[PDB]
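Descriptive structure summary
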Amino acid sequence: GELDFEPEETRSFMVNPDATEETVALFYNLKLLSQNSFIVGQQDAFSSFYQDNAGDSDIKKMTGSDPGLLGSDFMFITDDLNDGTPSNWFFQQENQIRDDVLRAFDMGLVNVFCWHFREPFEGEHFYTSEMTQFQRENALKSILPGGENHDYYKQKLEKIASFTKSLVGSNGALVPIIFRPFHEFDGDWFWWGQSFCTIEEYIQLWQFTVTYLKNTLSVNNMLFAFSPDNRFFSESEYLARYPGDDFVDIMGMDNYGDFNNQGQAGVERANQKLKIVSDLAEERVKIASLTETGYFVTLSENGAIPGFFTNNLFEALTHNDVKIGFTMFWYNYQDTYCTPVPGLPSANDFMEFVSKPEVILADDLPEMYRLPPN
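- Judging from the entry metadata, X-ray crystallography is the method by which this structure was determined, and 1.5 Å is the reported resolution.

Below, the structure is given as structure tokens:
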């Protein structure tokens, strides 16, 4: 693979040119490997398992290798009831997340965090179907400067910052994380969604958040990822609520709908939308990504899609010279899986997929946190 800039210049293409050396290396190495390959990871790979069969990650049970990327969530870390102490269940979750992230970094994996941020008035729900009309219509407005919950929101960012700056690997370096907040904002299922705020409000929230974390709180081990769901067909629509090249490192999208038993038509839609992201990332010197995907199987309800991984997902990720740094599956949980373990339908198909040269799991990860010389 080849890039149009030298490693030593990477800082000039980053939201935070003062990032730690390992965070700069992560940006460079993701951009470089995206020319012809991509990392595959999974949300909660070290703590959430099909049928709660704990031990190795399900991807390692299946393939023999851990995933190349671990997804985690700030949800429990920012809960109103997380008091930081050992008896507290939310703190126990925070500590387990921290241990899994440090384990991932020590093994060389990439770490991505999303944030299922419970709305600020009562702190109980992030899904709009579960909150009141008043909460839906006013949650995001209330956290902007001038909003009645703005100081509350600053305190949540301060907790994200203190957690993030606490992540020290076994090598003594801070763990770089990709932070992907306010995702899927083109849908209506979260309170930061498009029916509940204007374009200007969403962009103001994004810019305030990046600047407060990077500048006020001096968080230097973070890359920033922007990701709608799949509700666009053009560059202009993808960019509708984009906060600007000074505020985004990773251009992502989430896509389950085009894979949900939609045939080759859905595969084509998924590839076309990812190509838009990939084209914009090439033009703006960003990293592109399919930040969430999967086809969820619950054997008492539905079955696997024949050739899903090899013929559907892989084709969408590669056809027409798509360039992405990584993709991530959602978690496996109880009787529902989106990556198989041995003996389940889609296991062979998954093996064929992960054997493709483009796919990078833990065993074939580059040294992502070392910058090569010029």
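**Quick word on the environment of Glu9**
- Mapped onto the fold, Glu9 is located in the segment before helix 1 (21-33).
- For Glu9, a relative accessible area of 39% puts it in the partly exposed group.
- Along the chain, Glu9 and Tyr28 lie 19 residues apart, while their C-alpha atoms are 9.4 Å from each other.

**A short note on the pattern of salt bridges**
- Under the defined criterion, the tally for this structure stands at 12 salt bridges.
- For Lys154, the salt bridge goes to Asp151, with nearest N and O atoms at 3.5 Å. Residue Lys154 and its partner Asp151 are both found in helix 5 (residues 150-165); the two are separated by 3 residues, about one turn of the helix.
- Relative accessible area serves as the criterion here: at 22%, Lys154 is assigned to the partly exposed category.

**Observations concerning the layout of surface pockets**
- Reported here for the largest pocket is a volume of approximately 720 Å³.
- Around the largest pocket, the lining is made up of 28 residues, and of these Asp44, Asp73, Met75, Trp330 and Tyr331 lie nearest the centre.
- Partitioning the lining of the largest pocket into residue classes produces 13 nonpolar, 8 polar and 7 charged.

**Observations regarding helix 9 (residues 308-318)**
- With 8 of its 11 residues buried, helix 9 lies for the most part within the structure.
- Among the residues of helix 9, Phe308, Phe309, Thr310, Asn312, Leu313, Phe314, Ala316 and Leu317 are the ones counted as buried.
- Elements in contact with the buried residues of helix 9: strand 1 (38-43), helix 8 (263-284), strand 7 (287-293), strand 9 (326-329) and helix 10 (347-354).
- Phi for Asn320, located one or two positions after helix 9, is positive at around 60 degrees.

**Let's talk about unusual backbone geometry**
- At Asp52, a position not held by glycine, the phi torsion is positive, near 50 degrees.
- By the secondary structure assignment, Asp52 is in the loop between strand 1 and helix 2 (58-63).
- Relative accessible area serves as the criterion here: at 58%, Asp52 is assigned to the exposed category.
- Of note, the phi angle at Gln334 is positive, near 50 degrees, even though the residue is not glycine.
- Topologically, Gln334 is positioned in the loop between strand 9 and strand 10 (336-337).

**Regarding the pairing of strand 3 (residues 110-114)**
- With 5 of its 5 residues buried, strand 3 lies for the most part within the structure.
- The two faces of strand 3 match: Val110, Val112 and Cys114 on one face and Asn111 and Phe113 on the other face are all buried.
- In the sheet, strand 2 (residues 69-73) pairs with strand 3 via 5 bridges, with the strands oriented parallel. Within strand 3, the position partnered with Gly71 by the bridge is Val112.

**Quick notes on the pairing of strand 7**
- Burial runs high along strand 7: 7 of the 7 residues are buried.
- Bridge count between strand 6 (residues 250-255) and strand 7: 6 bridges; the pairing is parallel. When the bridges of strand 7 are listed, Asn255 appears paired with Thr293.
- Handedness of the strand 6-helix 8-strand 7 crossover: right-handed.
- Pairing between strand 7 and strand 9: 3 bridges, direction parallel. Residue pairing in the sheet places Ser289 in a bridge with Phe326 of strand 9.

**Describing the environment of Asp279**
- Considering the arrangement of structural elements, one finds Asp279 in helix 8.
- Classification of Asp279 by relative accessible area gives partly exposed; the value is 24%.
- It is 38 Å that separates the C-alpha atoms of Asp279 and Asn149, two residues lying 130 residues apart in sequence.

**Some details on the packing of helix 8 against helix 9**
- In the contact formed by helix 8 and helix 9, the axes pass within 8 Å of each other and the chain directions differ by 25 degrees. As the angle between them shows, helix 8 and helix 9 are arranged roughly parallel. For the element pair helix 8 and helix 9, the recorded crossing hand is right-handed. On helix 9, the residues touching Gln264, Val267, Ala270, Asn271 and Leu274 of helix 8 are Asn311, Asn312, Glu315, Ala316 and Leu317.

Conventions used here
- Residues numbered from 1 in each chain as written, not as in the entry; some residues may be left out.
- Heavy atoms only, no water.
- Residues with missing side-chain atoms left out of burial classes, pairs and counts.
- Helix = DSSP H or I, 4+ residues; strand = E, 2+ residues; numbered from the N terminus.
- Buried < 20%, exposed > 50% of the residue type's maximum accessible area, 1.4 Å probe, protein only.
- Salt bridge = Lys/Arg side-chain N within 4 Å of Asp/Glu carboxyl O.
- 1 Å grid on protein atoms, 1.4 Å probe; cavity = no way out; pocket = protein on both sides within 12 Å on 5 of 7 lines; lining within 4 Å.
- Points joined across faces, edges and corners; volume = space filled by probe spheres on them.
- Nonpolar A, V, L, I, M, F, W, Y, C, P; charged D, E, K, R; others polar.
- Contact = heavy atoms within 4.5 Å.
- Pairing = 2+ DSSP bridges.
- Right-handed = clockwise from strand over helix to strand, strands pointing away.
- Axes fitted to C-alpha atoms, helices over the stretch in contact; angles between N-to-C directions.
- Parallel < 35°, antiparallel > 145°, perpendicular 65-115°, else oblique.
- Left-handed = near helix turned anticlockwise from the far one by under 90°.

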